[PDB]
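Shown below: start.txt, with compact mmCIF, C-alpha atoms and all ligand atoms.
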# COMPACT_ATOMS: atom_id res chain seq x y z
CA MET A 1 0.00 0.00 0.00
CA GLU A 2 1.33 3.44 -0.92
CA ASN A 3 0.25 4.94 2.43
CA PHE A 4 1.20 1.83 4.40
CA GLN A 5 4.40 -0.13 4.84
CA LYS A 6 3.63 -3.81 5.34
CA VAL A 7 5.62 -4.96 8.35
CA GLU A 8 4.51 -8.57 7.90
CA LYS A 9 1.63 -10.89 7.00
CA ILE A 10 -0.21 -11.84 10.20
CA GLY A 11 -3.08 -13.98 8.96
CA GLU A 12 -5.31 -15.30 6.19
CA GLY A 13 -8.90 -14.33 6.86
CA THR A 14 -12.14 -15.65 5.40
CA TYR A 15 -12.36 -12.60 3.13
CA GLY A 16 -8.79 -11.47 2.61
CA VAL A 17 -5.26 -11.23 3.98
CA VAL A 18 -4.22 -9.35 7.11
CA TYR A 19 -0.98 -7.46 7.53
CA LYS A 20 0.67 -5.66 10.41
CA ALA A 21 1.34 -2.23 8.94
CA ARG A 22 2.60 1.20 9.94
CA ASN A 23 1.02 4.47 8.76
CA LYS A 24 3.79 6.22 6.79
CA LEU A 25 2.26 9.56 7.78
CA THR A 26 1.08 9.16 11.38
CA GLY A 27 3.39 6.29 12.26
CA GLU A 28 0.64 4.40 14.08
CA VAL A 29 0.80 0.60 13.84
CA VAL A 30 -2.36 -1.11 12.61
CA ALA A 31 -3.80 -4.30 11.16
CA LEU A 32 -4.68 -3.96 7.47
CA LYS A 33 -7.18 -6.31 5.86
CA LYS A 34 -7.17 -6.56 2.05
CA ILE A 35 -10.40 -7.63 0.33
CA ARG A 36 -10.74 -9.06 -3.19
CA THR A 41 -14.32 -8.85 -7.88
CA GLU A 42 -15.46 -6.04 -10.17
CA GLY A 43 -17.83 -3.66 -8.40
CA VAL A 44 -18.32 -4.14 -4.63
CA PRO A 45 -21.74 -4.44 -2.90
CA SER A 46 -23.67 -1.61 -1.25
CA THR A 47 -25.69 -3.40 1.41
CA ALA A 48 -22.24 -4.44 2.61
CA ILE A 49 -20.36 -1.14 2.40
CA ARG A 50 -23.12 0.13 4.68
CA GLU A 51 -23.08 -2.93 6.91
CA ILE A 52 -19.45 -1.89 7.32
CA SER A 53 -20.36 1.68 8.26
CA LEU A 54 -22.34 0.26 11.16
CA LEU A 55 -19.29 -1.69 12.30
CA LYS A 56 -17.21 1.50 12.39
CA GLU A 57 -19.59 3.15 14.85
CA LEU A 58 -19.36 -0.03 16.90
CA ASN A 59 -17.09 1.09 19.74
CA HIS A 60 -16.71 -1.03 22.88
CA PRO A 61 -13.66 -2.01 24.95
CA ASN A 62 -13.99 -5.65 23.87
CA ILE A 63 -14.45 -5.07 20.14
CA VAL A 64 -11.40 -4.41 17.94
CA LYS A 65 -11.78 -0.86 16.60
CA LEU A 66 -12.37 -0.51 12.87
CA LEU A 67 -10.45 2.69 12.13
CA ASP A 68 -10.86 3.19 8.38
CA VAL A 69 -12.50 1.70 5.32
CA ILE A 70 -10.86 2.42 1.96
CA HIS A 71 -12.32 1.31 -1.36
CA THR A 72 -9.90 1.74 -4.29
CA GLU A 73 -8.45 -0.26 -7.19
CA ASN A 74 -10.97 -3.12 -7.01
CA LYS A 75 -9.61 -3.70 -3.50
CA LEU A 76 -11.30 -3.10 -0.15
CA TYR A 77 -9.02 -2.21 2.77
CA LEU A 78 -10.16 -2.31 6.38
CA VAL A 79 -7.94 -0.58 8.92
CA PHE A 80 -8.14 -2.02 12.43
CA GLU A 81 -6.46 -1.19 15.70
CA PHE A 82 -3.59 -3.65 16.22
CA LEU A 83 -3.27 -6.13 19.13
CA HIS A 84 -0.20 -8.33 19.61
CA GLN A 85 -1.50 -11.88 19.91
CA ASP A 86 -4.59 -13.98 19.21
CA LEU A 87 -6.16 -16.56 21.52
CA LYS A 88 -5.11 -19.49 19.34
CA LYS A 89 -1.44 -18.64 19.88
CA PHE A 90 -1.93 -17.95 23.60
CA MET A 91 -3.69 -21.31 24.14
CA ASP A 92 -0.92 -23.13 22.29
CA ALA A 93 1.66 -21.27 24.36
CA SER A 94 -0.28 -22.27 27.49
CA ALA A 95 -0.76 -25.89 26.39
CA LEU A 96 1.62 -27.43 28.95
CA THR A 97 0.28 -25.51 31.94
CA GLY A 98 -3.17 -24.47 30.77
CA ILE A 99 -4.60 -20.97 31.11
CA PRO A 100 -5.42 -20.29 34.77
CA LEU A 101 -9.13 -20.41 35.59
CA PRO A 102 -9.33 -16.77 36.70
CA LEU A 103 -7.96 -15.67 33.33
CA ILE A 104 -10.28 -18.03 31.49
CA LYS A 105 -13.20 -16.55 33.45
CA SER A 106 -12.11 -12.97 32.83
CA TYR A 107 -11.72 -13.60 29.09
CA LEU A 108 -15.13 -15.28 28.84
CA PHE A 109 -16.75 -12.48 30.88
CA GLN A 110 -15.25 -9.80 28.62
CA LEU A 111 -16.25 -11.58 25.40
CA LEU A 112 -19.82 -11.91 26.69
CA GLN A 113 -19.81 -8.15 27.35
CA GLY A 114 -18.63 -7.63 23.79
CA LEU A 115 -21.35 -9.90 22.44
CA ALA A 116 -24.05 -8.40 24.67
CA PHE A 117 -23.05 -5.08 23.14
CA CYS A 118 -23.08 -6.06 19.45
CA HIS A 119 -26.21 -8.14 19.87
CA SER A 120 -28.10 -5.25 21.51
CA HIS A 121 -27.10 -3.22 18.46
CA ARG A 122 -28.35 -6.07 16.26
CA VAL A 123 -24.87 -6.97 15.02
CA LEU A 124 -23.84 -10.62 14.83
CA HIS A 125 -20.25 -11.86 14.62
CA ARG A 126 -21.06 -15.19 12.85
CA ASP A 127 -17.52 -16.62 12.83
CA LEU A 128 -16.08 -16.63 16.33
CA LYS A 129 -12.91 -18.70 16.78
CA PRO A 130 -9.64 -18.40 18.75
CA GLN A 131 -7.96 -16.75 15.75
CA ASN A 132 -10.55 -13.94 15.79
CA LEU A 133 -10.08 -13.21 19.52
CA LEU A 134 -7.22 -10.81 20.26
CA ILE A 135 -5.51 -10.14 23.58
CA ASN A 136 -3.14 -7.50 24.90
CA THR A 137 -0.72 -7.11 27.81
CA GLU A 138 -3.43 -5.32 29.83
CA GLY A 139 -5.57 -8.43 30.26
CA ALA A 140 -8.17 -7.35 27.72
CA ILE A 141 -9.51 -9.63 24.96
CA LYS A 142 -11.45 -8.33 21.95
CA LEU A 143 -13.69 -9.64 19.17
CA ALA A 144 -12.12 -9.20 15.73
CA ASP A 145 -12.93 -9.86 12.08
CA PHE A 146 -16.73 -9.77 12.26
CA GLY A 147 -18.42 -12.05 9.73
CA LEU A 148 -20.62 -9.60 7.85
CA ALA A 149 -22.55 -12.36 6.09
CA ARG A 150 -25.78 -10.35 6.12
CA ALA A 151 -24.41 -8.91 2.87
CA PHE A 152 -21.08 -10.44 1.86
CA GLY A 153 -22.70 -13.72 2.90
CA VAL A 154 -20.38 -16.67 3.44
CA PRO A 155 -17.76 -17.44 0.74
CA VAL A 156 -17.14 -21.07 -0.27
CA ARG A 157 -13.95 -20.78 1.80
CA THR A 158 -11.89 -17.71 2.74
CA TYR A 159 -10.65 -16.15 -0.50
CA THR A 160 -8.08 -18.50 -2.04
CA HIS A 161 -8.37 -22.27 -1.53
CA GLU A 162 -8.20 -22.62 2.27
CA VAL A 163 -9.74 -24.97 4.84
CA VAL A 164 -12.33 -22.96 6.77
CA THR A 165 -12.62 -24.14 10.39
CA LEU A 166 -16.03 -25.61 11.23
CA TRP A 167 -15.19 -26.43 14.84
CA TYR A 168 -17.16 -23.52 16.33
CA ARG A 169 -20.19 -23.54 14.01
CA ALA A 170 -23.62 -23.76 15.69
CA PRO A 171 -25.81 -26.81 14.88
CA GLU A 172 -28.62 -24.78 13.28
CA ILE A 173 -26.15 -23.45 10.68
CA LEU A 174 -24.89 -26.95 9.91
CA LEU A 175 -28.54 -28.04 9.53
CA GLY A 176 -29.20 -25.48 6.80
CA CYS A 177 -30.92 -22.66 8.67
CA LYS A 178 -31.10 -19.59 6.44
CA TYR A 179 -31.48 -16.94 9.12
CA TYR A 180 -28.85 -16.82 11.87
CA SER A 181 -29.70 -15.47 15.32
CA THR A 182 -27.42 -14.02 18.01
CA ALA A 183 -27.53 -17.54 19.43
CA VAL A 184 -24.94 -18.65 16.88
CA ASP A 185 -22.28 -16.52 18.59
CA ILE A 186 -23.08 -17.90 22.06
CA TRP A 187 -22.58 -21.45 20.76
CA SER A 188 -19.21 -20.57 19.22
CA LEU A 189 -18.11 -18.86 22.44
CA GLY A 190 -19.18 -21.90 24.46
CA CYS A 191 -17.01 -24.05 22.23
CA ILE A 192 -14.05 -21.72 22.84
CA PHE A 193 -14.70 -21.69 26.60
CA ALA A 194 -14.51 -25.50 26.69
CA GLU A 195 -11.33 -25.39 24.64
CA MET A 196 -9.58 -22.97 27.04
CA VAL A 197 -10.56 -25.28 29.91
CA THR A 198 -9.59 -28.65 28.43
CA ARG A 199 -6.82 -27.42 26.12
CA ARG A 200 -8.38 -29.43 23.30
CA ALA A 201 -10.98 -28.39 20.69
CA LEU A 202 -14.49 -29.48 21.75
CA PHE A 203 -15.79 -30.51 18.31
CA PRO A 204 -12.92 -30.80 15.81
CA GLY A 205 -14.85 -31.81 12.70
CA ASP A 206 -13.05 -32.09 9.38
CA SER A 207 -16.20 -31.82 7.23
CA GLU A 208 -19.69 -30.43 7.74
CA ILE A 209 -21.20 -33.87 8.42
CA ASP A 210 -18.32 -34.91 10.66
CA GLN A 211 -18.77 -31.62 12.53
CA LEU A 212 -22.46 -32.29 12.98
CA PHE A 213 -21.96 -35.89 14.07
CA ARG A 214 -19.21 -34.98 16.56
CA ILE A 215 -21.72 -32.61 18.16
CA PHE A 216 -24.39 -35.37 18.15
CA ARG A 217 -22.08 -38.01 19.63
CA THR A 218 -21.37 -35.69 22.55
CA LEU A 219 -24.62 -33.81 23.20
CA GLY A 220 -26.86 -36.54 21.83
CA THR A 221 -28.67 -36.56 18.50
CA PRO A 222 -31.29 -33.81 18.80
CA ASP A 223 -35.00 -34.64 18.48
CA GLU A 224 -38.30 -32.75 18.69
CA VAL A 225 -38.31 -33.00 22.51
CA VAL A 226 -35.11 -30.98 23.04
CA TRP A 227 -35.26 -29.00 19.78
CA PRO A 228 -38.80 -28.34 18.49
CA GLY A 229 -38.69 -28.05 14.71
CA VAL A 230 -35.31 -29.69 14.29
CA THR A 231 -36.67 -32.52 12.08
CA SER A 232 -38.11 -29.94 9.67
CA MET A 233 -34.79 -28.22 9.05
CA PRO A 234 -33.35 -28.01 5.48
CA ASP A 235 -30.48 -30.47 5.92
CA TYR A 236 -31.91 -32.74 8.62
CA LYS A 237 -32.08 -36.41 7.64
CA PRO A 238 -34.26 -39.00 9.41
CA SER A 239 -31.35 -41.31 8.66
CA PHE A 240 -29.07 -39.43 11.12
CA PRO A 241 -27.58 -41.90 13.59
CA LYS A 242 -29.19 -41.75 17.03
CA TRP A 243 -26.50 -41.10 19.65
CA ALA A 244 -27.30 -40.79 23.36
CA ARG A 245 -26.14 -37.70 25.25
CA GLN A 246 -22.82 -38.18 27.03
CA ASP A 247 -22.43 -37.41 30.72
CA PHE A 248 -21.58 -33.70 30.79
CA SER A 249 -18.95 -34.22 33.53
CA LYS A 250 -16.84 -36.15 31.01
CA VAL A 251 -16.99 -33.18 28.61
CA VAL A 252 -14.97 -30.48 30.36
CA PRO A 253 -13.20 -31.99 33.37
CA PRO A 254 -12.15 -30.69 35.75
CA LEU A 255 -14.30 -27.55 35.36
CA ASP A 256 -16.43 -26.75 38.45
CA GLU A 257 -20.23 -27.06 38.49
CA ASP A 258 -20.85 -23.31 37.96
CA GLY A 259 -18.68 -23.50 34.86
CA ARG A 260 -20.35 -26.67 33.52
CA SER A 261 -23.78 -25.21 34.23
CA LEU A 262 -22.97 -22.07 32.23
CA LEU A 263 -21.47 -24.11 29.36
CA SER A 264 -24.49 -26.39 29.13
CA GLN A 265 -26.71 -23.31 28.68
CA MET A 266 -24.41 -21.93 25.99
CA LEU A 267 -24.59 -25.27 24.20
CA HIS A 268 -28.37 -25.88 24.19
CA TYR A 269 -29.46 -27.26 20.83
CA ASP A 270 -32.56 -25.05 20.55
CA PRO A 271 -31.39 -21.52 19.59
CA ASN A 272 -34.32 -20.13 21.59
CA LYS A 273 -33.31 -21.98 24.77
CA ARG A 274 -29.62 -21.08 24.37
CA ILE A 275 -28.63 -18.47 26.96
CA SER A 276 -28.17 -14.86 25.84
CA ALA A 277 -24.93 -12.95 26.38
CA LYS A 278 -26.68 -10.59 28.84
CA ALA A 279 -28.09 -13.47 30.89
CA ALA A 280 -24.78 -15.34 30.79
CA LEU A 281 -23.08 -12.30 32.34
CA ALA A 282 -25.39 -12.76 35.32
CA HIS A 283 -24.55 -16.45 35.81
CA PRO A 284 -23.18 -17.45 39.25
CA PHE A 285 -19.97 -18.54 37.50
CA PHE A 286 -18.95 -14.86 37.38
CA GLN A 287 -19.61 -14.08 41.05
CA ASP A 288 -15.86 -14.00 41.70
CA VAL A 289 -14.67 -12.68 38.34
CA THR A 290 -11.50 -10.54 38.36
CA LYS A 291 -9.15 -9.15 35.71
CA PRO A 292 -5.74 -10.89 35.83
CA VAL A 293 -2.98 -9.92 33.44
CA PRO A 294 -1.65 -12.68 31.17
CA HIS A 295 2.00 -13.58 30.81
CA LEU A 296 2.51 -12.68 27.16
CA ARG A 297 5.60 -13.50 25.16
CA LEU A 298 5.65 -11.18 22.16
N1 LIG A 301 -6.57 -6.03 14.49
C1 LIG A 301 -5.89 -7.20 14.41
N2 LIG A 301 -4.71 -7.33 15.05
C2 LIG A 301 -4.19 -8.55 14.90
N3 LIG A 301 -3.00 -8.84 15.52
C3 LIG A 301 -2.39 -10.07 15.62
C4 LIG A 301 -1.17 -10.14 16.36
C5 LIG A 301 -0.53 -11.38 16.58
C6 LIG A 301 -1.09 -12.58 16.07
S1 LIG A 301 -0.29 -14.10 16.39
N4 LIG A 301 -1.02 -15.29 15.70
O1 LIG A 301 1.19 -14.03 16.11
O2 LIG A 301 -0.51 -14.35 18.00
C7 LIG A 301 -2.29 -12.55 15.32
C8 LIG A 301 -2.94 -11.31 15.10
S2 LIG A 301 -5.13 -9.60 13.89
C9 LIG A 301 -6.30 -8.34 13.72
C10 LIG A 301 -7.47 -8.49 12.99
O3 LIG A 301 -8.36 -7.47 12.90
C11 LIG A 301 -7.86 -9.75 12.29
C12 LIG A 301 -7.89 -11.00 13.00
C13 LIG A 301 -8.26 -12.20 12.34
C14 LIG A 301 -8.60 -12.18 10.96
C15 LIG A 301 -8.58 -10.95 10.20
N5 LIG A 301 -8.90 -10.93 8.90
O4 LIG A 301 -8.89 -9.79 8.21
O5 LIG A 301 -9.21 -11.94 8.30
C16 LIG A 301 -8.21 -9.74 10.90
When written as structure tokens, how does the structure in this file appear?
Ligand SMILES: Nc1nc(Nc2ccc(S(N)(=O)=O)cc2)sc1C(=O)c1cccc([N+](=O)[O-])c1
Amino acid sequence: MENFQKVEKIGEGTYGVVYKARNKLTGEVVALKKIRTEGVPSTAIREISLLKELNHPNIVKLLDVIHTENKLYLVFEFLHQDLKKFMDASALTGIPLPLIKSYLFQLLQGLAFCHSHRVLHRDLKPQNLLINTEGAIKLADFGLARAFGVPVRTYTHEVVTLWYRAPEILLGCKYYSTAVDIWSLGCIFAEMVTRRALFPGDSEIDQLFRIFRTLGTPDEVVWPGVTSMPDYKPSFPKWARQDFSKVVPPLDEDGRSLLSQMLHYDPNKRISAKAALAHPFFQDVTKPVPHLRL
């Protein structure tokens, strides 16, 4: 970029590439997302405007939006590490529970905020959760599928992670609800706790069946309407629900209770971000600072 000096490539998003860059003029360091194409939508460029006026301490700030040369650049505030790297770095010892709780609490605040402003993330995963030396964690790279929908992959032949995708999406639901983000966050919560992905599916069906084998194949009793969903098949195997205590050991009962509500099959029974913030699990929440190696 003529105005920006690419320090280095820091990620391959589901829409474009992300670079750490410095503003040649101001000298500020930012994250620059490059988007692919011969026109550019409108319902999207305006869905983006909404995201710019979306300011909250737990949401990565979208500084600028620049459309030029059949390219779409998104300028974001820069953070030094994502949760995927931090979990890997903490794989031997595990992230301490108070930090896990603080991170979950903050992300729920972020979600409560975007959801009350009718904004959905749609693609929450460790790679889209950024942390700093101050103990904060922020939601990054919002989906924006309401317009730009969901591309076959990311942008250039790349395996899109399905591990955090809600069951209703896998079953062909056309309209997503804020509940999809709660499910993804629940999956991440479990992963921080156990240090292993909850549902590591390698295909859409494998993803779906991994969920079924653990939470039990859903039926009309626990999920009214499930059998009438677009991709539901009566031929789905019928797995029994596994004891929840085997799921995220050795998480305490307050933690397991909160997770079970974040993982309810029925989107309408799934706990909201606002209600989750009030769960007894957060009675003793604090804000520890992580040990970050940058
Ligand atoms: N602002 C920002 N800072 C970042 N800093 C960063 C610093 C360190 C690491 S890492 N992996 O070395 O810990 C990763 C990101 S990433 C980032 C993003 O807004 C972003 C995140 C995921 C996907 C996309 N996207 O456009 O597709 C963009």
I'd like the box whose edges run along x, y and z of the file and which contains every listed atom of ligand LIG 301 (chain A), padded by 8 Å per side; could you state its centre and edge lengths in Å, one decimal, as lines of an AutoDock Vina configuration file?
center_x = -4.0
center_y = -10.7
center_z = 13.1
size_x = 26.4
size_y = 25.3
size_z = 25.8
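CA of residue 262 (chain A) lies 17.8 Å from CA of residue 203 (chain A).
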(request) Counting only C-alpha atoms and all ligand atoms, name the residues that have an atom within 8 Å of an atom of ligand LIG 301 (chain A); the answer should be given as an MDAnalysis selection string. (result) chainID A and resid 10:20 30:34 64:65 78:90 131:134 144:145
Sorted by chain and rising residue number, list the residues of region 192-253 of chain A at most 10 Å from region 126-130 of chain A (counting only C-alpha atoms), each with its closest atom pair and distance in Å to one decimal, as CSV.
residue,atom,partner,partner_atom,distance
A:192,CA,A:129,CA,6.9
A:193,CA,A:130,CA,9.9
A:195,CA,A:130,CA,9.3
A:196,CA,A:130,CA,9.5
(request) Using only C-alpha atoms, pick whichever of A:227, A:216, A:77, A:167 has the shortest atom-to-atom distance to residue 274 (chain A). (result) A:227
Pull the closest atom pair for each residue of region 140-168 of chain A that gets at most 9 Å from region 36-58 of chain A, along with the distance in Å to one decimal, counting all atoms listed in the file, ordering rows by chain and then ascending residue number, as CSV.
residue,atom,partner,partner_atom,distance
A:146,CA,A:55,CA,8.5
A:148,CA,A:51,CA,7.2
A:149,CA,A:48,CA,8.7
A:150,CA,A:48,CA,7.7
A:151,CA,A:48,CA,5.0
A:152,CA,A:48,CA,6.2
A:159,CA,A:36,CA,7.6
(request) Write out as number ranges by chain each polymer residue whose atoms come within 6 Å of region 102-114 of chain A, counting all atoms listed in the file; drop sequence neighbours fewer than 2 positions from it. (result) A: 62, 100, 116-117, 277, 291-292
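Going from CA of residue 191 (chain A) to CA of residue 263 (chain A) covers 8.4 Å.
Going from CA of residue 276 (chain A) over to CA of residue 91 (chain A), you cover 25.4 Å.
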May I have the protein, DNA and RNA residues with any atom at most 10 Å from the point (-21.0, -30.1, 32.3), counting only C-alpha atoms, written as a PDB file with C-alpha atoms, in the coordinates of the input?
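And here is the file that came out, point05.pdb:
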ATOM      1  CA  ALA A 194     -14.510 -25.500  26.690  1.00  0.00           C
ATOM      2  CA  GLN A 246     -22.820 -38.180  27.030  1.00  0.00           C
ATOM      3  CA  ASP A 247     -22.430 -37.410  30.720  1.00  0.00           C
ATOM      4  CA  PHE A 248     -21.580 -33.700  30.790  1.00  0.00           C
ATOM      5  CA  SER A 249     -18.950 -34.220  33.530  1.00  0.00           C
ATOM      6  CA  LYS A 250     -16.840 -36.150  31.010  1.00  0.00           C
ATOM      7  CA  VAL A 251     -16.990 -33.180  28.610  1.00  0.00           C
ATOM      8  CA  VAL A 252     -14.970 -30.480  30.360  1.00  0.00           C
ATOM      9  CA  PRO A 253     -13.200 -31.990  33.370  1.00  0.00           C
ATOM     10  CA  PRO A 254     -12.150 -30.690  35.750  1.00  0.00           C
ATOM     11  CA  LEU A 255     -14.300 -27.550  35.360  1.00  0.00           C
ATOM     12  CA  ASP A 256     -16.430 -26.750  38.450  1.00  0.00           C
ATOM     13  CA  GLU A 257     -20.230 -27.060  38.490  1.00  0.00           C
ATOM     14  CA  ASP A 258     -20.850 -23.310  37.960  1.00  0.00           C
ATOM     15  CA  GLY A 259     -18.680 -23.500  34.860  1.00  0.00           C
ATOM     16  CA  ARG A 260     -20.350 -26.670  33.520  1.00  0.00           C
ATOM     17  CA  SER A 261     -23.780 -25.210  34.230  1.00  0.00           C
ATOM     18  CA  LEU A 262     -22.970 -22.070  32.230  1.00  0.00           C
ATOM     19  CA  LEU A 263     -21.470 -24.110  29.360  1.00  0.00           C
ATOM     20  CA  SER A 264     -24.490 -26.390  29.130  1.00  0.00           C
ATOM     21  CA  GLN A 265     -26.710 -23.310  28.680  1.00  0.00           C
TER      22      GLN A 265
END
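Minimum atom-to-atom distance to residue 61 (chain A), evaluated using all atoms listed in the file, belongs to A:118 out of A:35, A:99, A:118, A:7.
With all atoms listed in the file as the atoms that count, the minimum distance from residue 242 (chain A) to the choices A:215, A:93, A:289, A:267 is reached by A:215.
Closest approach to residue 296 (chain A) from the set A:137, A:231, A:221, A:74 is made by A:137, with distances taken over all atoms listed in the file.
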Please report as a tab-separated table every residue of region 148-193 of chain A lying within 12 Å of region 278-283 of chain A, along with the nearest atom pair and their distance in Å (one decimal), using all atoms listed in the file.
residue	atom	partner	partner_atom	distance
A:182	CA	A:278	CA	11.4
A:183	CA	A:278	CA	11.7
A:186	CA	A:280	CA	9.3
A:187	CA	A:280	CA	11.9
A:189	CA	A:280	CA	11.3
A:190	CA	A:280	CA	10.7
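If you measure from each of A:21, A:96, A:225, A:166 to residue 204 (chain A) using all atoms listed in the file, the closest one turns out to be A:166.
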(message) From the options A:94, A:139, A:121, A:178, which residue's atoms come nearest to residue 153 (chain A), counting all atoms listed in the file?
(response) A:178
How would region 223-236 of chain A read, as a tab-separated table (two decimals), keeping the file's coordinate frame, once N, CA, C and O atoms are built in?
chain	number	residue	atom	x	y	z
A	223	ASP	N	-33.69	-34.17	18.92
A	223	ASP	CA	-35.00	-34.64	18.48
A	223	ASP	C	-36.00	-33.53	18.75
A	223	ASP	O	-35.62	-32.46	19.21
A	224	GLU	N	-37.28	-33.77	18.48
A	224	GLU	CA	-38.30	-32.75	18.69
A	224	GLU	C	-38.48	-32.36	20.15
A	224	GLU	O	-38.89	-31.25	20.44
A	225	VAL	N	-38.19	-33.28	21.07
A	225	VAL	CA	-38.31	-33.00	22.51
A	225	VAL	C	-37.36	-31.87	22.94
A	225	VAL	O	-37.80	-30.89	23.54
A	226	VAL	N	-36.08	-32.01	22.65
A	226	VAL	CA	-35.11	-30.98	23.04
A	226	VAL	C	-34.99	-29.82	22.06
A	226	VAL	O	-34.56	-28.72	22.44
A	227	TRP	N	-35.37	-30.04	20.80
A	227	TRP	CA	-35.26	-29.00	19.78
A	227	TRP	C	-36.48	-29.01	18.85
A	227	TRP	O	-36.44	-29.56	17.75
A	228	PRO	N	-37.58	-28.38	19.30
A	228	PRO	CA	-38.80	-28.34	18.49
A	228	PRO	C	-38.50	-27.77	17.11
A	228	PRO	O	-37.87	-26.71	16.99
A	229	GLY	N	-38.91	-28.50	16.07
A	229	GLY	CA	-38.69	-28.05	14.71
A	229	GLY	C	-37.44	-28.59	14.05
A	229	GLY	O	-37.29	-28.51	12.82
A	230	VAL	N	-36.54	-29.16	14.84
A	230	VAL	CA	-35.31	-29.69	14.29
A	230	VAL	C	-35.48	-30.65	13.10
A	230	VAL	O	-34.73	-30.54	12.14
A	231	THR	N	-36.46	-31.55	13.17
A	231	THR	CA	-36.67	-32.52	12.08
A	231	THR	C	-37.23	-31.91	10.80
A	231	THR	O	-37.34	-32.61	9.80
A	232	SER	N	-37.58	-30.63	10.84
A	232	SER	CA	-38.11	-29.94	9.67
A	232	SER	C	-37.07	-29.02	9.06
A	232	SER	O	-37.37	-28.26	8.15
A	233	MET	N	-35.84	-29.09	9.57
A	233	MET	CA	-34.79	-28.22	9.05
A	233	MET	C	-34.27	-28.70	7.70
A	233	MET	O	-34.22	-29.89	7.43
A	234	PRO	N	-33.87	-27.76	6.83
A	234	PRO	CA	-33.35	-28.01	5.48
A	234	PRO	C	-32.46	-29.23	5.27
A	234	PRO	O	-32.72	-30.04	4.38
A	235	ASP	N	-31.41	-29.36	6.08
A	235	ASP	CA	-30.48	-30.47	5.92
A	235	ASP	C	-30.63	-31.62	6.91
A	235	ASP	O	-29.74	-32.46	7.00
A	236	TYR	N	-31.72	-31.65	7.66
A	236	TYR	CA	-31.91	-32.74	8.62
A	236	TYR	C	-32.31	-34.00	7.86
A	236	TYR	O	-33.10	-33.94	6.92
